[PDB]
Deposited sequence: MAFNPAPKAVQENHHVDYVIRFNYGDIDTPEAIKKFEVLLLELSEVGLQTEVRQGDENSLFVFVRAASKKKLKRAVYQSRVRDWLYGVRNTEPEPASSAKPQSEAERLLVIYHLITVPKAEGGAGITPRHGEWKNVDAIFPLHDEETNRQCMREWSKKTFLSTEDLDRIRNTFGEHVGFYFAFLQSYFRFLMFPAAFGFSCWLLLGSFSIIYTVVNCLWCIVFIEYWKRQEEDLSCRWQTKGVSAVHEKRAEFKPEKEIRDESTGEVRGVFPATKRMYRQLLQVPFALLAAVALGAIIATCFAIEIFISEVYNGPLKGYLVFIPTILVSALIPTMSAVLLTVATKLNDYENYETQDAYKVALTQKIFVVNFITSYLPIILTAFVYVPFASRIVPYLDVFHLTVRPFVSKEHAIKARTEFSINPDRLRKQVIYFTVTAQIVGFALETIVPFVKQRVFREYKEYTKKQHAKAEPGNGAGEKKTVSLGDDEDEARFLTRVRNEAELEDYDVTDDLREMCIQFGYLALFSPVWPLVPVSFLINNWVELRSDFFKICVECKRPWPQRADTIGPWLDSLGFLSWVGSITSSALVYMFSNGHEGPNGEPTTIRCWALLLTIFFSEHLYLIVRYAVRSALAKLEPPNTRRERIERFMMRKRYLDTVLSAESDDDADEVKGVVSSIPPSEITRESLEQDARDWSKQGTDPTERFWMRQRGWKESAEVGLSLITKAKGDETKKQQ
């Protein structure tokens, strides 16, 4: 059905001249041939060729699979001795696709073709992608669209098709959804019986966050042992953009390495603090200014055309936060390049960590402003917001803009409504923008280009369609789930139905993300992983911060949703600070206890890998060494 194709290499010739294009193309085909791959060339687009790649021989494929397993075993990623090369069948499609992707991409000295798409020698090579297995995808979709949980076999199927990175994301999402049943039930019970800002709800929520994060750390270790990816960072793919200072030739492996001093990278990484403060200043200024405009227009201004003026600050936020975030991403990418980052995974993790500052600010600063600035203050702030009358000025006359004043009277519903927005309406709108609109845009751009050799015209047209799809990044889905967890950990006392909303959304999220991968994206090459990465630390940080924000909220809103109704008088600053101190330190103590208790419970795959290391050394001692 896929015509035995392993990868499609898109070669762009449009932006270069014919002689250089022919020379580069011959070099590409020669490298593919010399690394043991069989090529077939077809017209991809009007400006690109498709190089269809396949293992030239079953013997060569078995040899490459055996060498990959041997490298994994030598670097300690697996403990079982690699089976001989005559029995070296790829145990899944993910393994064959990974071996062939390495053959295509790892440098010539490392034993492959050095095709680095969108790099120096290969800027014409635009994309290297495998083909979706449409029947398997549709079977999986229809099968687990009718179940509650995905089986371990279902997760293994995802890993065997898309690799362990996508597999880890779906395993984490399934575990998060399963753990969300407890806070969903408990928060519905509290919303029914206690209402919001309940001490018991906040305590149970912090305890649940602790338990889920520690359980997932343990489960990640177990799953990386079960998928044979534990310690996979030892064989992390180098990135071709790495600028070494000196070239050293280690004696263990007869190769030059290209060393770069770690302390120099740390000096360059000192610039992350100024970047973080820049992003905080810019994004917080935009967000707080738009919040002040929103407050003025919606609650201080009392002139004509109030809806058409209250839609102003939401528009300005929706236009300016994406733009400022794109600028900050450009700055973060330039800083990530300045830091040298030998490996692609280190580069990706560092960029994700820089972007997490922007994510935190843009996701949580609105609710933080409403909760800890608008509610306690803003009876002392709205006198300073008369200056924002000019935002309404190009619509209303100067006198009508001035005589539009009212008793402020803080809206005791503002905070609950903002939390309900971010945890329900944002979820629905994000589902729409994430699955529906890209799908419709793809179908529209297809029928636009489709409206205005005979035996492979269908396969070739569907390959040309797959070539237009988006490049899936599992980091985006992990980011979304971690930001959602942050909402739960930080602001769930305001509205205890947040975990119910997240439970429903995450059941739908598993299926809709799998659909997006299979239908709206090119099939990702089966990248490996032994963890969700920096997102685990992000979740730990968010739960820590939530122990502070939730206790502050429970203190401030003890008397109800109004709490300090605009005045900071009722808030005793020592009692708020003492609440925060004891809550955060009870949190840290309970987290230490839970982590230490879970460290005493070794999971089965972890214990099996330890015993297997022992058994491998015993086999070595029994065969050689007498």
Residue ranges with no C-alpha coordinates, please: along the deposited sequence, counted from 1, in order.
1-11, 464-486, 661-735
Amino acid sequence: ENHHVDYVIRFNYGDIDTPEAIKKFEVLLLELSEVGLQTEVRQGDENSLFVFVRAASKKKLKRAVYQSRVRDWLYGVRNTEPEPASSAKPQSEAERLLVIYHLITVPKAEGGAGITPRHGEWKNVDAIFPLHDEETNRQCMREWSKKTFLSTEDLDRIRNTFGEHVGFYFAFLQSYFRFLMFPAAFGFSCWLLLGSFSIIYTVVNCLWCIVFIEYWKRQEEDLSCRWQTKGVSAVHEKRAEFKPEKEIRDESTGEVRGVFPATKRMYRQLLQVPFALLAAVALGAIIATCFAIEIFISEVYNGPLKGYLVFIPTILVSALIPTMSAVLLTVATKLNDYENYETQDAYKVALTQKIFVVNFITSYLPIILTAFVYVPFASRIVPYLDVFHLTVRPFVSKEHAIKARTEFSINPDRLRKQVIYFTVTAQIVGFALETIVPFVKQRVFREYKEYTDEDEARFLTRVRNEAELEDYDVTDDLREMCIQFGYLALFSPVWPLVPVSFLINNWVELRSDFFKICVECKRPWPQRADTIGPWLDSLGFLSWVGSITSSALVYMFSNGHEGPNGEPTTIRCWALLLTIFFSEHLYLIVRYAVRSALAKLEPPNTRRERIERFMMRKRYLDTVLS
From here on, numbers count along this sequence of modelled residues.
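For clarity, a rigid core is taken as the largest C-alpha set superposing within 1.5 Å between two forms.
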Stretch 275-283 versus stretch 369-377: after rigid core alignment, which one is farther off in C-alpha RMS in 4 other deposited structures of this protein?
275-283
So which moves more in 4 other deposited structures of this protein by CA, 235-243 or 212-220, given a superposition on the core?
235-243
Find out whether the coordinates of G486 are absent in at least a third of the other compared PDB entries of the same protein.
no
Other PDB entries, at least a third, lacking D453
yes
